[PDB]
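> After the structure tokens below, expect a handful of questions from me.
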Amino acid sequence: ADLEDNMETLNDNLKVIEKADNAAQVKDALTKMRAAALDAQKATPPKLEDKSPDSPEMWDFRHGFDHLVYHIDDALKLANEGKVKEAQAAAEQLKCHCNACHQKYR
Ligand code: HEC
Ligand SMILES: [V+3]
């Protein structure tokens, strides 16, 4: 999948999480989001296409996904413990990090 597919996967599963009826449903969407984040971490966003692959911008882009995954992994901990509401609030914490990378690189 390309970066656009990964973003729609992140967007769709965040909506799945918000509408979920139990924590296993949240757990399942979070794992799909984890996969999509690591995949997206390997892409070059179009705005940075003529930057060096070693550029500070490209490393900042990749590191935004590391922090997103960290957050996804914390939400997964709550989902595995059966705490549906806390895991959902944990998933909402992702949104500002989605937004901060978009502001720089969308
Ligand atoms: C950088 C570390 C990002 C993080 C974290 C998130 N997104 Fe993102 N997103 C990013 C880029 C560079 C782009 C442009 C994609 C392109 O190919 O030009 C996007 C785009 C989106 C979109 C629009 C996709 C499209 O059809 O063009 C969506 C819906 C989207 N992003 C959602 C999204 C969500 C929900 C995130 C947090 C879970 C998130 N993104 C994080 C870069 C980054
Ligand atoms: V954070």
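> Note down the net charge around residue 37, summing +1 for each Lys or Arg and -1 for each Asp or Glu among other residues with Cβ under 11 Å from its Cβ. Display every interim value, and only then the final one.
Details: positive: 32, 34, 42, 62; negative: 39, 66, 73.
Once positives and negatives cancel, what remains is +1.
> Can I ask one more? Give me the angle, in degrees from 0 to 90, between the Cα long axis of helix 23-40 and the longest principal axis of the Cα atoms of the chain, rounded to the nearest 10.
Between the helix axis and the principal axis of the chain, the angle is about 10 degrees.
> Could you work out which residue, out of 28, 12, 50, moves most in a Gaussian network model of the chain, that is, has the largest mean-square fluctuation with Cα springs under 10 Å?
50
> What are the GluC sites (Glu not before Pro) within the range 20-106 that DSSP puts in a loop, where the Cβ has at most 14 other Cβ atoms within 10 Å? Can you show the working numbers first?
On the way: sites: 49, 57, 81, 86, 92; in loops: 49, 81.
Counting only loop positions with at most 14 other Cβ atoms within 10 Å, the GluC sites (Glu not before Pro) in the range 20-106 are 49, 81.
> Let me ask you something else. Tell me, what ³J(HN,Hα) does each residue in the range 60-68 have, in order and in whole Hz, if you take phi through Karplus 6.51 cos²θ - 1.76 cosθ + 1.60 with θ = phi - 60° and put x for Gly and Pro?
Along the range 60-68, the couplings run 5, 3, 5, 5, x, 6, 4, 5, 4 Hz.
> Hey, what's the per residue convex hull volume over the C-alpha atoms of the chain, in cubic angstrom?
Details: hull volume 8.3 nm³, N = 106.
Once divided by residue count, the hull of the chain is 78 Å³.
All Cβ positions, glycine included, derive from the backbone under ideal geometry; neighbour counts span all protein chains shown. Each value in this text was obtained by applying a stated rule to the coordinates, not by laboratory testing.
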